[PDB]
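>>> Build me a model:
(7 chains)
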Amino acid sequence: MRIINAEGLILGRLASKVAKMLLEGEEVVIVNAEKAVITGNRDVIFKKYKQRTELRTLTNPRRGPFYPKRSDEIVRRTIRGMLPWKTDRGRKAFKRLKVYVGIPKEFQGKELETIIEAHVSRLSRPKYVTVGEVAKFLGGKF
Amino acid sequence: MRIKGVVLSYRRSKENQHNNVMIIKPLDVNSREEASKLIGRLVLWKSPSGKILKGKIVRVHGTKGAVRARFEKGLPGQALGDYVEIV
Amino acid sequence: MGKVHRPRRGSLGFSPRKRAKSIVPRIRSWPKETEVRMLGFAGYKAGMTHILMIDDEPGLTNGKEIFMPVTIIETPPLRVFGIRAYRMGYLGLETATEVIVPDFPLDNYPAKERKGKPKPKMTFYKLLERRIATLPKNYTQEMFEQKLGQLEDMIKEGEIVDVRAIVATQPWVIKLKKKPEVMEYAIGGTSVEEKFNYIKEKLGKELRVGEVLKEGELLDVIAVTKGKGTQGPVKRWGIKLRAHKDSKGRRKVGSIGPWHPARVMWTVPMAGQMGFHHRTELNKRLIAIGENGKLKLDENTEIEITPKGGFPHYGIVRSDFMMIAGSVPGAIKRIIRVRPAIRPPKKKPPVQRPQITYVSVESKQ
Amino acid sequence: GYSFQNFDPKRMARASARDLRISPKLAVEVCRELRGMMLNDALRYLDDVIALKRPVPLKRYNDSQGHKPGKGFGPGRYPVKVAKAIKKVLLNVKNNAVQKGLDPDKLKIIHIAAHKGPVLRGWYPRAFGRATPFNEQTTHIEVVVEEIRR
RNA sequence: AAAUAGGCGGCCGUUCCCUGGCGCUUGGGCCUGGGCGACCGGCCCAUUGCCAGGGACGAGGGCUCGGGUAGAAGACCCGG
RNA sequence: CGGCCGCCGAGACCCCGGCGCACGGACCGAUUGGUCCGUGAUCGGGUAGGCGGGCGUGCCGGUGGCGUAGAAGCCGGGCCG
RNA sequence: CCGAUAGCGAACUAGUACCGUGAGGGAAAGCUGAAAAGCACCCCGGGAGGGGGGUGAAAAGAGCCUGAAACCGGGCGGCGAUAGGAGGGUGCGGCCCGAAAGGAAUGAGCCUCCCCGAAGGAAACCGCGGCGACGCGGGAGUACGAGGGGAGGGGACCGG
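Residues are numbered from 1 along each chain as shown, chains lettered A, B, ... in the order given. Coordinates below:
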């Protein structure tokens, strides 16, 4: 159905619009998770993400919150947390969602048009990180 | 003929259901304004095999072009996704 | 609480302690490339000896006599079955395609009098037949269609990443198996085309200790350690003893944990598998390479080995061999693979061909 | 009685056993395993069980008993007593069927089902002045075998 | 069993007949008016395909046996 | 944080039909009870407790019925309350 | 009045079996059928066991009238080896059946036209405001709408 090219688009806004559409039962495929943007002070963003991974929920039963290290999976975990994967609809939705690493597609993408909060202008926004950089530091791949 | 046709949820607060009516987005309708042409149109959930659920719409939901619909019977939810006809 | 600390017993760094996934060792981690030369080689552990060497091996003298325990290992010659190609994906390294060699020489094989039916063994590698990996079904045809597939990969050109080799043993004197153990070894250089040329020459060739590896280097060893079976909390983790005299207790952990938290942690000592675990032990000095054993006609760089009466639990050693310093992980008769070191000590230099004053000739019994 | 349909004149032959002094649970594993085979295979199957060759897999009741190698379910055991006893039931269907004008060897076993019958009950000692039931179960097992041939 | 549920190389399964009924049901080529094309109409081919009645063949693997470098059972490894 | 506009969103409130209660009116009966109409916006949650109506069980009496062409009882289904 | 977990301790082998040194304490245990015809004769089986045939009727075949529940086997329908919990209610899909007590061939699920119609109640489109979000007037209390009536087609289930 949809091929989104998610270069230049803030993560939260992109993840909401997608999460809703998947519940409608209409496939979204997000391409280029890395090229994506997260707004805010980088210290804090990293600290927050790192902390999730750090557990040791007990001391490792291999249960309890985990968080992965690559920009792709960080994103794939995010759209899913916006989804209710416990229920039937959500579960069906998670299979409807796919993340692709790099671009393998030969075809043109699509976008969420609005520039209010869902596309950056890098000079205008005072503080940002690109999602791939925080993933390299965490241990994952660009 | 038919225009799609998506059942997303029931009219519902976060905590209440309201089983009686469902909220729909038809495709083409951008606005509260377009949705009113759909009023009175009969909506049918089709399922594999033959059993048949009619309902009408009867009210505008939006803001943006959602419409509410009532059925004789009601909808499982199982289909979040039904179709509406141009009758 | 006395407010006294107890440092942790056992590691969780060689955990989880559970059976190997194959009798063959596995590998992900490959050492440094700097030469167009074979990486990784194999043997069977023969037994052990002790050796007197002249230091060499930098340490607390660099000229007095030094005792070093030694593992004598019979290495089979190996035969590169195929060339495995990799392509780099998005998610990790995946194998593009392979050339195998269905094609059949007759094996340097011996065995057997009785005599009336010598019944020919003349080995197309009937050892491939005994290997449970299957085979076409038109030898010539298959090799060529694959070779053409290789030619493509070389052409494209940078689609292709590195080259590794599917390499298998040749049992041609060892009585502890007669079925090829099949493995992967990498072929390093510094750029794909040089690895591609070398692997292609290599495939029809029965190869040595000499080809792969040089004396006086430090080497890693990869192996599945000897299986104990299940062993106690005492054995697996280490447990201390207790108070005035305990009949009842003695081999015991007491607490598994508190009342809330209402769970069992995985770090508390319990019974379960010990041994038959995979281990890589770093930096073992290559004492020696030779071939035979028992007699050699020159008197320096060995005079030739093998205790009389064999070794307890090992057949006759007669084929290419390596004598490596200190402990080797595994049991007697187990396949071990050897890995060059990724980096060796640097506060202690390697020094080539270490001086071998004398070799044991007494049995382990 | 009998707990399945009949057409005994020319397509069914029946027999039943009453108050066999045998385990009902071990009768459950054999009836299920044996079910659906022809008589001859069923003889062969029973003979192997007695030799202590082919295991009877434990399935519905299965707890705290060692596994057994091969294809078929993890635990299993050998109920020698039951195999001997059931062999007699089967032999009786076979002699009868022949008078009835059925050829036994071809007939497939549709139905075999076990019934927990009356309970032989008493006491054996435990400590602290107390006695506890010490019981043997007595079991009925029915077999109704049916023709199938072309 | 990473649900984005992997990658490779090899090995396998990879069917018949009478009689009745059907075939742009299935599949291809050509002409011309209409169509960008698929498609309608005209021409040409099928040892064929389909339904109903009966019908073949059997790669891998365990169990088996002799022992263990393995092991509470089971498993594992090796040899036959 | 200071304004504003459009919406969403209860069993509430509005609205059709029905039901009980309370009260009035009428009728019916041999007692209890029942029915028909009207009024109720200002009647309808509910533990202790108070009251009021019905149901069921065993046997007795009167009365009036049923049963081997199948009673009670048992098990599943249908209908009413 | 009770009616066999009741009523006498006890419908009977009861003041028994049994307990306790003793004084004393103390149960449970009713039903074949018309006739015992209480199982011959025949087949099978080591067989005193057990199965078929043999009775008006053996869910009348030996603590045998009836023959519940818990529960146990098998079979039928449904679900079933990636997925969430007072085990359900309410509403709707799939599969399953339903002769029987129900309504419906004097027309079921279902389709279609027309009208009446409580509370409620638009749009397109037009003109004018409002910084804007959006609002007024007209369309228009119209379309629609719970609920009610007639006609018409199809042809078997619908509730449950």
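>>> Who are the contact partners of the residue lying farthest from the centre of chain D?
In chain D, the residue that sits farthest from the middle, by C-alpha atoms, centre = their mean, is residue D:128; the gap is 39.7 Å. Contacts were defined as C-beta atoms under 8 Å, 6 or more residues apart in numbering or on different chains; by that measure residue D:128 touches no other residue. The way it works is simple: take the backbone N, C-alpha and C, and place the C-beta from them, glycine included.
>>> so it is in which element?
Assessed by DSSP states H and E, residue D:128 sits outside every helix and strand.
>>> What's the separation between the closest residue to residue A:40 other than its chain neighbours and residue A:49?
In space, not counting the residues next to it along the chain, residue A:40 is nearest to residue A:127; the distance is 5.9 Å by C-beta to C-beta, 6 or more residues apart in numbering or on different chains. From residue A:127 over to residue A:49 the distance is 16 Å, taken as C-beta to C-beta, to the nearest Å.
>>> neighbour-wise, which of the two wins?
Shown here are residue A:127 and residue A:49; by other C-beta atoms under 10 Å in any protein chain shown, residue A:49 has more neighbours (20 against 10).
>>> Contacts only, for residue 42.
Just so you know, I chose chain A. Contacts for residue A:42 were tallied using C-beta under 8 Å, 6+ apart; they are A:127, A:129, A:134.
>>> Please refer instead to chain D.
With contact taken as C-beta under 8 Å, 6+ apart, residue D:42 is in contact with D:34, D:90, D:109.
>>> Close to RNA strand F: what parts of chain B are there?
Among all residues of chain B, those adjacent to RNA strand F (criterion: C-beta under 7 Å from any atom of the strand) are B:11, B:12, B:13, B:16, B:18, B:21, B:23, B:60, B:61, B:62, B:63, B:68.
>>> Go back to the residues you listed and keep what's next to RNA strand G.
Among the residues of chain B next to RNA strand F, the ones lying near RNA strand G by C-beta under 7 Å from any atom of the strand are residue B:60.
>>> PyMOL command to pick out the buried ones of the residues of chain B next to RNA strand F?
Restricted to buried positions by 16 or more other C-beta atoms under 10 Å in any protein chain shown, the PyMOL selection for the residues of chain B next to RNA strand F reads:
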select buried, chain B and resi 11+21+23+60+61+62+68
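>>> I'd like the residues of chain B next to RNA strand F as CSV, with secondary structure appended.
Formatted as CSV, the residues of chain B next to RNA strand F follow (DSSP: H, G, I helix; E, B strand; the rest coil):
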residue, secondary structure
B:11, coil
B:12, coil
B:13, coil
B:16, coil
B:18, coil
B:21, strand
B:23, strand
B:60, strand
B:61, coil
B:62, coil
B:63, coil
B:68, strand
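>>> Now tabulate the residues of chain B next to RNA strand F in TSV and tack on distance to RNA strand E.
Written out in TSV, the entries for the residues of chain B next to RNA strand F read as follows (distance: C-beta to the nearest atom of the strand, whole Å):
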residue	distance to RNA strand E
B:11	30
B:12	27
B:13	30
B:16	31
B:18	32
B:21	33
B:23	27
B:60	36
B:61	31
B:62	32
B:63	31
B:68	32
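>>> excluding its backbone neighbours, what's nearest residue D:136?
For residue D:136, the nearest residue in space outside its immediate sequence neighbours is residue D:120; the separation is 4.4 Å by C-beta to C-beta, 6+ apart.
>>> circling back to that earlier point, if you look at the contacts of residue D:42, which of them are in strands?
Where these overlap with strands, as defined by DSSP state E, the overlap consists of residue D:109.
>>> ok, the residue in chain D positioned nearest to chain C - contacts?
In chain D, no residue comes nearer to chain C than residue D:66, which is 15.9 Å away by C-beta to the nearest C-beta. With contacts defined as C-beta under 8 Å, 6+ apart, residue D:66 is in contact with residue D:75.
>>> Could you do residue C:162 as well?
C:86, C:186, C:192, C:195.
>>> wait, isn't the third one in contact with residue C:164?
No: taking C-beta atoms under 8 Å as the definition, residue C:192 is not a contact partner of residue C:164, at 11.6 Å.
>>> higher neighbour count, these two?
The residue with more neighbours, out of residue C:192 and residue C:164, is residue C:164; 22 against 18, by other C-beta under 10 Å.
>>> can I assume that one sits in a strand?
Yes: when three-state DSSP is applied, residue C:164 is found to be in a strand.
>>> Any figure for the gap between the closest residue to it other than its chain neighbours and residue C:33?
Setting aside the residues directly before and after it, residue C:164 is nearest to residue C:186 in space (C-beta to C-beta, 6+ apart), at 4.6 Å. Note on residue C:186: its distance to residue C:33, by C-beta to C-beta, is 8 Å.
>>> can you list residues touching both of those two?
With contacts taken as C-beta under 8 Å, 6+ apart, the residues that reach both residue C:186 and residue C:33 are residue C:39.
>>> Might one say that residue D:32 is in contact with residue D:59?
Yes: proximity of residue D:32 to residue D:59 meets the contact threshold set by C-beta under 8 Å, at 6.8 Å.
>>> Please name the residues that touch the most centrally placed residue in chain A.
With the centre of chain A defined as its mean C-alpha position, the nearest residue by C-alpha atoms, centre = their mean is residue A:75, 2.0 Å away. Residues touching residue A:75, when contacts are defined by C-beta under 8 Å, 6+ apart, comprise A:11, A:15, A:30, A:33, A:36, A:99, A:131.
>>> Report whether the expected contact of residue D:141 with residue D:114 is present.
Yes: taking C-beta under 8 Å as the definition, residue D:141 is a contact partner of residue D:114 at 4.8 Å.
>>> list the residues that contact both of those two?
If you check residue D:141 and residue D:114 against C-beta under 8 Å, 6+ apart, the residues they both contact are D:27, D:31.
>>> thinking again about what came up before, looking at the contacts of residue D:42, which is nearest residue C:6?
For residue C:6, the nearest member of the contacts of residue D:42 is residue D:34. The distance, counting by C-beta to C-beta, is 59.8 Å.
>>> contacting residues for that closest one?
Counting by C-beta under 8 Å, 6+ apart, residue D:34 has contacts D:42, D:45, D:46, D:86, D:109, D:112.
>>> Okay, and the beta partners of the fifth one?
The one in question is residue D:109. Residue D:109 has these beta-bridge partners by DSSP bridges: residue D:145.
>>> number of nearby residues for the closest residue to chain A within chain D?
Across chain D, the shortest distance to chain A (C-beta to the nearest C-beta) belongs to residue D:74, at 24.4 Å. Using other C-beta under 10 Å as the criterion, residue D:74 is surrounded by 13 other residues.
>>> pretty sure it is touching residue D:59, no?
No: Residue D:74 lies out of contact with residue D:59 (C-beta under 8 Å); the separation is 9.5 Å.
>>> Lovely, talk soon.
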